[PDB]
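Chemist: Following this line is model_8.csv, made up of CSV, N, CA, C and O atoms:
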chain,number,residue,atom,x,y,z
K,47,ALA,N,143.5,106.4,36.5
K,47,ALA,CA,143.1,107.7,36.7
K,47,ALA,C,144.2,108.7,36.3
K,47,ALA,O,145.3,108.6,36.8
K,48,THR,N,143.8,109.6,35.5
K,48,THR,CA,144.8,110.6,35.0
K,48,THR,C,144.5,112.0,35.6
K,48,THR,O,143.3,112.3,35.9
K,49,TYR,N,145.5,112.8,35.8
K,49,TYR,CA,145.4,114.1,36.3
K,49,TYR,C,146.6,114.9,35.9
K,49,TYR,O,147.6,115.0,36.7
K,50,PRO,N,146.6,115.4,34.7
K,50,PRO,CA,147.8,115.8,34.0
K,50,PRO,C,148.7,116.8,34.8
K,50,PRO,O,148.1,117.6,35.5
K,51,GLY,N,150.0,116.7,34.6
K,51,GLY,CA,150.9,117.6,35.3
K,51,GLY,C,151.2,117.3,36.7
K,51,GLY,O,152.3,117.3,37.2
K,52,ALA,N,150.1,117.0,37.5
K,52,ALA,CA,150.2,116.9,38.9
K,52,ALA,C,151.1,115.8,39.4
K,52,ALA,O,151.1,114.7,38.9
K,53,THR,N,152.0,116.1,40.3
K,53,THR,CA,153.0,115.1,40.8
K,53,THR,C,152.3,114.1,41.6
K,53,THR,O,151.1,114.2,42.0
K,54,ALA,N,153.0,113.0,42.0
K,54,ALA,CA,152.4,111.8,42.6
K,54,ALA,C,151.8,112.1,43.9
K,54,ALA,O,150.9,111.4,44.3
K,55,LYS,N,152.3,113.0,44.7
K,55,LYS,CA,151.7,113.3,46.0
K,55,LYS,C,150.3,113.8,45.8
K,55,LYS,O,149.4,113.3,46.6
K,56,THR,N,150.0,114.6,44.9
K,56,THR,CA,148.6,115.1,44.6
K,56,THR,C,147.7,113.9,44.2
K,56,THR,O,146.6,113.8,44.7
K,57,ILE,N,148.2,113.1,43.3
K,57,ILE,CA,147.3,111.9,42.9
K,57,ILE,C,147.1,111.0,44.0
K,57,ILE,O,146.1,110.3,44.1
K,58,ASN,N,148.1,110.9,44.9
K,58,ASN,CA,148.0,110.0,46.1
K,58,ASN,C,147.1,110.4,47.2
K,58,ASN,O,146.4,109.6,47.7
K,59,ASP,N,147.1,111.7,47.5
K,59,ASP,CA,146.2,112.3,48.5
K,59,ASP,C,144.8,112.8,48.1
K,59,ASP,O,143.9,112.9,48.9
K,60,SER,N,144.7,113.1,46.8
K,60,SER,CA,143.4,113.6,46.3
K,60,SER,C,142.6,112.6,45.5
K,60,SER,O,141.4,112.8,45.4
K,61,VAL,N,143.2,111.6,45.0
K,61,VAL,CA,142.5,110.7,44.1
K,61,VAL,C,142.5,109.3,44.6
K,61,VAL,O,141.5,108.7,44.7
K,62,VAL,N,143.7,108.7,44.8
K,62,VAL,CA,143.9,107.3,45.1
K,62,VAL,C,143.2,107.0,46.4
K,62,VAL,O,142.5,105.9,46.5
K,63,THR,N,143.4,107.8,47.4
K,63,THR,CA,142.8,107.5,48.7
K,63,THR,C,141.3,107.4,48.6
K,63,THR,O,140.6,106.6,49.2
K,64,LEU,N,140.7,108.4,47.8
K,64,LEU,CA,139.3,108.4,47.6
K,64,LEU,C,138.8,107.0,47.0
K,64,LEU,O,137.8,106.4,47.5
K,65,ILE,N,139.4,106.6,45.9
K,65,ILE,CA,139.0,105.4,45.2
K,65,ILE,C,139.2,104.2,46.1
K,65,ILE,O,138.4,103.2,46.1
K,66,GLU,N,140.3,104.2,46.9
K,66,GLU,CA,140.6,103.1,47.7
K,66,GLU,C,139.6,102.9,48.9
K,66,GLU,O,139.5,101.9,49.5
K,67,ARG,N,138.9,104.0,49.2
K,67,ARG,CA,138.0,104.0,50.3
K,67,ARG,C,136.7,103.3,49.9
K,67,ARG,O,135.9,102.9,50.7
K,68,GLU,N,136.6,103.0,48.6
K,68,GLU,CA,135.4,102.2,48.1
K,68,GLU,C,135.8,100.8,47.6
K,68,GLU,O,134.9,100.0,47.5
K,69,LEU,N,137.0,100.6,47.3
K,69,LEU,CA,137.5,99.3,46.7
K,69,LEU,C,137.4,98.2,47.8
K,69,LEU,O,137.2,97.1,47.4
K,70,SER,N,137.4,98.6,49.0
K,70,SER,CA,137.3,97.6,50.1
K,70,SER,C,135.9,97.1,50.1
K,70,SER,O,135.0,97.7,49.6
K,71,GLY,N,135.7,95.9,50.6
K,71,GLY,CA,134.4,95.3,50.7
K,71,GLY,C,133.8,95.0,49.4
K,71,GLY,O,132.6,94.7,49.3
K,72,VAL,N,134.6,94.9,48.3
K,72,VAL,CA,134.2,94.5,47.0
K,72,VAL,C,134.2,92.9,47.1
K,72,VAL,O,134.9,92.3,47.9
K,73,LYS,N,133.4,92.3,46.3
K,73,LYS,CA,133.2,90.8,46.4
K,73,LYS,C,134.5,90.1,45.9
K,73,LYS,O,135.1,90.4,44.9
K,74,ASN,N,135.0,89.2,46.8
K,74,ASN,CA,136.1,88.3,46.4
K,74,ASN,C,137.4,89.0,46.2
K,74,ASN,O,138.2,88.6,45.4
K,75,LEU,N,137.5,90.2,46.8
K,75,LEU,CA,138.8,91.0,46.7
K,75,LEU,C,139.9,90.2,47.3
K,75,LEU,O,140.0,90.1,48.5
K,76,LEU,N,140.9,89.7,46.5
K,76,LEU,CA,142.0,89.0,47.0
K,76,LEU,C,143.0,90.0,47.7
K,76,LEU,O,143.2,89.9,48.9
K,77,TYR,N,143.5,91.0,46.9
K,77,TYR,CA,144.3,92.0,47.5
K,77,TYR,C,144.2,93.2,46.5
K,77,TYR,O,143.6,93.2,45.5
K,78,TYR,N,144.7,94.4,47.0
K,78,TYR,CA,144.6,95.6,46.2
K,78,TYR,C,145.8,96.5,46.4
K,78,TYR,O,146.3,96.6,47.5
K,79,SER,N,146.2,97.1,45.3
K,79,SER,CA,147.4,97.9,45.2
K,79,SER,C,147.0,99.2,44.4
K,79,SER,O,146.0,99.3,43.7
K,80,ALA,N,147.9,100.2,44.5
K,80,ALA,CA,147.7,101.5,43.8
K,80,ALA,C,149.0,102.1,43.7
K,80,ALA,O,149.7,102.3,44.7
K,81,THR,N,149.4,102.5,42.5
K,81,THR,CA,150.7,103.1,42.2
K,81,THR,C,150.5,104.4,41.5
K,81,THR,O,149.9,104.4,40.4
K,82,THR,N,151.1,105.5,42.0
K,82,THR,CA,151.0,106.7,41.4
K,82,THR,C,152.4,107.2,41.0
K,82,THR,O,153.3,107.2,41.8
K,83,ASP,N,152.6,107.5,39.7
K,83,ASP,CA,153.9,107.8,39.3
K,83,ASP,C,154.0,109.3,38.9
K,83,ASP,O,153.1,110.1,39.1
K,84,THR,N,155.2,109.7,38.3
K,84,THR,CA,155.4,111.1,38.0
K,84,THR,C,154.8,111.6,36.8
K,84,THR,O,154.8,112.8,36.5
K,85,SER,N,154.2,110.7,36.0
K,85,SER,CA,153.5,111.1,34.7
K,85,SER,C,152.1,111.6,35.0
K,85,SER,O,151.3,111.7,34.1
K,86,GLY,N,151.8,112.0,36.2
K,86,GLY,CA,150.5,112.4,36.6
K,86,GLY,C,149.4,111.3,36.3
K,86,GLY,O,148.4,111.6,35.7
K,87,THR,N,149.7,110.1,36.7
K,87,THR,CA,148.9,109.0,36.5
K,87,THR,C,148.9,108.0,37.6
K,87,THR,O,150.0,107.7,38.2
K,88,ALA,N,147.8,107.5,38.0
K,88,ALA,CA,147.6,106.5,39.0
K,88,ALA,C,147.0,105.3,38.5
K,88,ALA,O,145.9,105.4,37.8
K,89,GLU,N,147.5,104.1,38.8
K,89,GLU,CA,147.0,102.8,38.4
K,89,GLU,C,146.6,102.1,39.7
K,89,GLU,O,147.4,101.8,40.5
K,90,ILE,N,145.3,101.9,39.9
K,90,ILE,CA,144.8,101.2,41.1
K,90,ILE,C,144.3,99.8,40.6
K,90,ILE,O,143.3,99.6,40.0
K,91,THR,N,145.1,98.8,41.0
K,91,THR,CA,144.8,97.4,40.6
K,91,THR,C,144.2,96.6,41.7
K,91,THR,O,144.8,96.2,42.7
K,92,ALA,N,142.9,96.3,41.6
K,92,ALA,CA,142.2,95.5,42.5
K,92,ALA,C,142.2,94.0,42.0
K,92,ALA,O,141.7,93.7,40.9
K,93,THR,N,142.9,93.2,42.7
K,93,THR,CA,143.1,91.8,42.3
K,93,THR,C,142.2,90.9,43.1
K,93,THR,O,142.2,90.9,44.3
K,94,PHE,N,141.3,90.2,42.3
K,94,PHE,CA,140.3,89.4,42.9
K,94,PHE,C,140.7,88.0,43.1
K,94,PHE,O,141.8,87.5,42.7
J,143,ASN,N,134.5,111.6,72.0
J,143,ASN,CA,134.2,112.6,72.9
J,143,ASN,C,135.4,113.2,73.6
J,143,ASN,O,136.5,112.6,73.5
J,144,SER,N,135.3,114.3,74.2
J,144,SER,CA,136.4,115.0,74.9
J,144,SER,C,135.9,115.3,76.4
J,144,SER,O,135.3,116.3,76.6
J,145,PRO,N,136.2,114.4,77.3
J,145,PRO,CA,135.7,114.6,78.7
J,145,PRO,C,136.4,115.7,79.4
J,145,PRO,O,135.7,116.4,80.2
J,146,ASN,N,137.7,115.9,79.1
J,146,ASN,CA,138.4,117.0,79.8
J,146,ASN,C,138.2,118.4,79.1
J,146,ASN,O,138.7,119.4,79.5
J,147,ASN,N,137.3,118.4,78.0
J,147,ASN,CA,137.0,119.6,77.2
J,147,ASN,C,138.2,120.2,76.6
J,147,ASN,O,138.2,121.4,76.3
J,148,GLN,N,139.3,119.5,76.4
J,148,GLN,CA,140.5,120.0,75.8
J,148,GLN,C,140.3,120.3,74.3
J,148,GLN,O,141.1,121.1,73.7
J,149,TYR,N,139.3,119.7,73.7
J,149,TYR,CA,139.0,119.9,72.3
J,149,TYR,C,137.5,120.2,72.1
J,149,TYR,O,136.7,119.5,72.5
J,150,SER,N,137.3,121.4,71.4
J,150,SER,CA,135.9,121.7,71.1
J,150,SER,C,135.3,120.7,70.1
J,150,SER,O,136.1,119.9,69.5
J,151,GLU,N,134.0,120.7,69.9
J,151,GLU,CA,133.3,119.8,69.0
J,151,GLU,C,133.9,119.9,67.6
J,151,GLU,O,134.0,118.8,66.9
J,152,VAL,N,134.3,121.1,67.2
J,152,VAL,CA,134.8,121.2,65.8
J,152,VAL,C,136.1,120.4,65.7
J,152,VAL,O,136.4,119.8,64.7
J,153,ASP,N,137.0,120.5,66.7
J,153,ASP,CA,138.2,119.8,66.7
J,153,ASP,C,138.0,118.2,66.7
J,153,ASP,O,138.7,117.5,65.9
J,154,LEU,N,137.0,117.8,67.4
J,154,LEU,CA,136.7,116.4,67.4
J,154,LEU,C,136.2,115.9,66.0
J,154,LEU,O,136.6,114.9,65.5
J,155,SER,N,135.3,116.7,65.4
J,155,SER,CA,134.8,116.3,64.1
J,155,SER,C,135.9,116.4,63.1
J,155,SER,O,136.0,115.5,62.2
J,156,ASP,N,136.8,117.4,63.2
J,156,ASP,CA,137.9,117.4,62.3
J,156,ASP,C,138.8,116.2,62.4
J,156,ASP,O,139.2,115.6,61.4
J,157,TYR,N,139.1,115.8,63.6
J,157,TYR,CA,140.0,114.7,63.8
J,157,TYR,C,139.3,113.4,63.3
J,157,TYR,O,140.0,112.5,62.7
J,158,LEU,N,138.0,113.3,63.6
J,158,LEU,CA,137.3,112.1,63.1
J,158,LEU,C,137.2,112.0,61.6
J,158,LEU,O,137.3,110.9,61.1
J,159,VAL,N,137.1,113.1,60.9
J,159,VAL,CA,137.0,113.1,59.5
J,159,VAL,C,138.4,112.9,58.9
J,159,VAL,O,138.6,112.1,57.9
J,160,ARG,N,139.5,113.4,59.5
J,160,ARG,CA,140.8,113.4,58.9
J,160,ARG,C,141.5,112.1,59.2
J,160,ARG,O,142.3,111.7,58.4
J,161,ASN,N,141.3,111.5,60.3
J,161,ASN,CA,142.1,110.4,60.8
J,161,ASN,C,141.4,109.1,61.2
J,161,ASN,O,142.0,108.2,61.5
J,162,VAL,N,140.0,109.1,61.1
J,162,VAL,CA,139.2,108.0,61.6
J,162,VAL,C,138.3,107.5,60.5
J,162,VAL,O,138.2,106.3,60.2
J,163,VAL,N,137.6,108.4,59.9
J,163,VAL,CA,136.6,108.0,58.9
J,163,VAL,C,137.2,107.2,57.8
J,163,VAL,O,136.6,106.2,57.3
J,164,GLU,N,138.3,107.7,57.3
J,164,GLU,CA,139.0,107.0,56.2
J,164,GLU,C,139.4,105.6,56.6
J,164,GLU,O,139.1,104.6,55.9
J,165,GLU,N,140.0,105.4,57.8
J,165,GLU,CA,140.4,104.1,58.2
J,165,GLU,C,139.3,103.2,58.7
J,165,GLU,O,139.4,102.0,58.8
J,166,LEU,N,138.1,103.9,59.0
J,166,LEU,CA,136.9,103.1,59.3
J,166,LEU,C,136.3,102.5,58.0
J,166,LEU,O,135.9,101.3,58.0
J,167,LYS,N,136.4,103.3,57.0
J,167,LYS,CA,135.8,102.9,55.7
J,167,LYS,C,136.8,101.9,55.1
J,167,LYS,O,136.3,101.0,54.3
J,168,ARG,N,138.0,101.9,55.5
J,168,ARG,CA,139.0,100.9,55.0
J,168,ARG,C,138.9,99.6,55.7
J,168,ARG,O,139.9,98.8,55.7
J,169,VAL,N,137.8,99.3,56.4
J,169,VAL,CA,137.6,98.1,57.0
J,169,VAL,C,136.7,97.2,56.1
J,169,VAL,O,135.8,97.7,55.4
J,170,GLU,N,137.0,95.9,56.0
J,170,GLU,CA,136.2,95.0,55.2
J,170,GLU,C,134.9,94.8,55.9
J,170,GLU,O,134.8,94.5,57.1
J,171,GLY,N,133.8,95.0,55.1
J,171,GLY,CA,132.4,94.9,55.6
J,171,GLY,C,131.8,96.2,55.8
J,171,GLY,O,130.6,96.2,56.1
J,172,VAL,N,132.5,97.3,55.8
J,172,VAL,CA,131.9,98.6,56.0
J,172,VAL,C,131.5,99.1,54.6
J,172,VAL,O,132.3,99.4,53.8
J,173,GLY,N,130.2,99.3,54.5
J,173,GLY,CA,129.6,99.8,53.2
J,173,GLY,C,129.6,101.3,53.1
J,173,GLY,O,130.0,101.8,52.0
J,174,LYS,N,129.3,102.0,54.1
J,174,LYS,CA,129.3,103.4,54.1
J,174,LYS,C,129.6,103.9,55.5
J,174,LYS,O,129.2,103.3,56.5
J,175,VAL,N,130.3,105.1,55.5
J,175,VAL,CA,130.6,105.8,56.8
J,175,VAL,C,130.1,107.2,56.6
J,175,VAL,O,130.7,108.0,55.8
J,176,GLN,N,129.0,107.5,57.3
J,176,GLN,CA,128.4,108.9,57.3
J,176,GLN,C,129.0,109.6,58.5
J,176,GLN,O,128.7,109.2,59.6
J,177,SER,N,129.7,110.7,58.2
J,177,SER,CA,130.3,111.5,59.3
J,177,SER,C,129.4,112.6,59.7
J,177,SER,O,129.2,113.5,59.0
J,178,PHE,N,128.9,112.5,60.9
J,178,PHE,CA,128.0,113.5,61.5
J,178,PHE,C,128.9,114.6,62.1
J,178,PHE,O,129.0,114.8,63.3
J,179,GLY,N,129.7,115.2,61.3
J,179,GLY,CA,130.6,116.2,61.7
J,179,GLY,C,131.5,116.6,60.5
J,179,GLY,O,131.9,115.7,59.7
J,180,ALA,N,131.8,117.8,60.3
J,180,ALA,CA,132.4,118.3,59.1
J,180,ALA,C,133.9,118.6,59.3
J,180,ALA,O,134.3,119.0,60.4
J,181,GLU,N,134.7,118.4,58.3
J,181,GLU,CA,136.1,118.7,58.4
J,181,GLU,C,136.3,120.1,58.6
J,181,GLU,O,135.5,121.0,58.3
J,182,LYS,N,137.5,120.5,59.1
J,182,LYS,CA,137.8,121.9,59.3
J,182,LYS,C,137.9,122.6,57.9
J,182,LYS,O,138.0,122.0,56.9
J,183,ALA,N,137.7,123.9,58.0
J,183,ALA,CA,137.7,124.7,56.8
J,183,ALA,C,137.8,126.2,57.1
J,183,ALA,O,137.3,126.7,58.1
J,184,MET,N,138.6,126.9,56.3
J,184,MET,CA,138.8,128.4,56.5
J,184,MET,C,137.5,129.1,56.1
J,184,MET,O,137.2,129.2,54.9
J,185,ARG,N,136.8,129.6,57.1
J,185,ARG,CA,135.6,130.4,56.9
J,185,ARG,C,135.8,131.9,56.8
J,185,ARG,O,136.6,132.4,57.7
J,186,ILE,N,135.2,132.5,55.9
J,186,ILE,CA,135.4,134.0,55.7
J,186,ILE,C,134.0,134.5,55.9
J,186,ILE,O,133.1,134.6,55.0
J,187,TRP,N,133.7,135.0,57.1
J,187,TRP,CA,132.4,135.6,57.4
J,187,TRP,C,132.5,137.0,57.0
J,187,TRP,O,133.0,137.9,57.7
J,188,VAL,N,132.0,137.3,55.8
J,188,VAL,CA,132.0,138.7,55.3
J,188,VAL,C,130.9,139.5,56.0
J,188,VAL,O,130.0,139.0,56.6
J,189,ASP,N,131.1,140.8,55.9
J,189,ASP,CA,130.1,141.7,56.5
J,189,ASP,C,129.5,142.6,55.4
J,189,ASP,O,130.2,143.6,55.0
J,190,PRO,N,128.3,142.4,54.9
J,190,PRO,CA,127.9,143.1,53.7
J,190,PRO,C,127.8,144.6,54.0
J,190,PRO,O,127.9,145.4,53.0
Mind turning this structure into structure tokens?

Modeler:
Amino acid sequence: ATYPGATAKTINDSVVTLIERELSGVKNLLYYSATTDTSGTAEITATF
Amino acid sequence: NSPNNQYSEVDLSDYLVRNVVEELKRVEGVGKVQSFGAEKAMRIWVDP
């Protein structure tokens, strides 16, 4: 998920939490992670 | 609920949306959480 310019706090509180609220309860979800960096980009990796 | 009436219904709904609904949705097996109560918001009641 891209959101240009915006620092990691914004991506973390406005984008990642939203997507993570739906990632749960997915079939065979082993574990899940989400990293937001300073490039205005968040990588949410759902590992099955 | 608020038995001592220390918090109006709006405060309860706000707390529920901001600090409960997300962590309820973050439970495995929860498909949807419909919040019967809206988050707080700055209302501007204009006077035409």

Chemist: How close does each residue of chain K get to chain J, giving the shortest atom pair and distance in Å to one decimal for every residue with an atom at most 7 Å away, counting only C-alpha atoms, sorted by chain and residue number, as CSV?

Modeler:
residue,atom,partner,partner_atom,distance
K:67,CA,J:168,CA,5.7
K:70,CA,J:170,CA,5.8
K:71,CA,J:170,CA,4.9

Chemist: Separation of atom CA of residue 77 of chain K and atom CA of residue 57 of chain K, in Å?

Modeler: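 Those two atoms sit 20.6 Å apart.
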
Chemist: Based on DSSP run over this structure's backbone, return all residues of chain K in helix (DSSP H, G or I), as a count of residues only.

Modeler: 16

Chemist: Using only C-alpha atoms, what residues lie at most 7 Å away from (143.1, 113.8, 40.7) (file coordinates), given as a short mmCIF file (atom, residue, chain, number, x, y, z; two decimals) with N, CA, C and O atoms, in the frame of the given file?

Modeler:
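And here is the file that came out, result04.cif:
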data_model
loop_
_atom_site.label_atom_id
_atom_site.label_comp_id
_atom_site.auth_asym_id
_atom_site.auth_seq_id
_atom_site.Cartn_x
_atom_site.Cartn_y
_atom_site.Cartn_z
N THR K 48 143.80 109.60 35.50
CA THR K 48 144.80 110.60 35.00
C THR K 48 144.50 112.00 35.60
O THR K 48 143.30 112.30 35.90
N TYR K 49 145.50 112.80 35.80
CA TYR K 49 145.40 114.10 36.30
C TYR K 49 146.60 114.90 35.90
O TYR K 49 147.60 115.00 36.70
N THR K 56 150.00 114.60 44.90
CA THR K 56 148.60 115.10 44.60
C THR K 56 147.70 113.90 44.20
O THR K 56 146.60 113.80 44.70
N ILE K 57 148.20 113.10 43.30
CA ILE K 57 147.30 111.90 42.90
C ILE K 57 147.10 111.00 44.00
O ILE K 57 146.10 110.30 44.10
N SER K 60 144.70 113.10 46.80
CA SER K 60 143.40 113.60 46.30
C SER K 60 142.60 112.60 45.50
O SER K 60 141.40 112.80 45.40
N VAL K 61 143.20 111.60 45.00
CA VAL K 61 142.50 110.70 44.10
C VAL K 61 142.50 109.30 44.60
O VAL K 61 141.50 108.70 44.70
#

Chemist: Quick one, how far is atom O of residue 85 of chain K from atom C of residue 55 of chain K?

Modeler: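 Going from atom O of residue 85 of chain K over to atom C of residue 55 of chain K covers 11.9 Å.
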
Chemist: Step by step: start from the point (144.4, 93.6, 44.1) in the file's coordinates, keep every protein, DNA or RNA residue that has an atom no farther than 12 Å from it, count only C-alpha atoms, and write the set as an MDAnalysis selection string.

Modeler: chainID K and resid 66 69:70 72:81 89:94

Chemist: Using atom N of residue 82 of chain K and atom C of residue 53 of chain K as the two end points, give the distance in Å to one decimal.

Modeler: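 Between atom N of residue 82 of chain K and atom C of residue 53 of chain K the gap works out to 8.7 Å.
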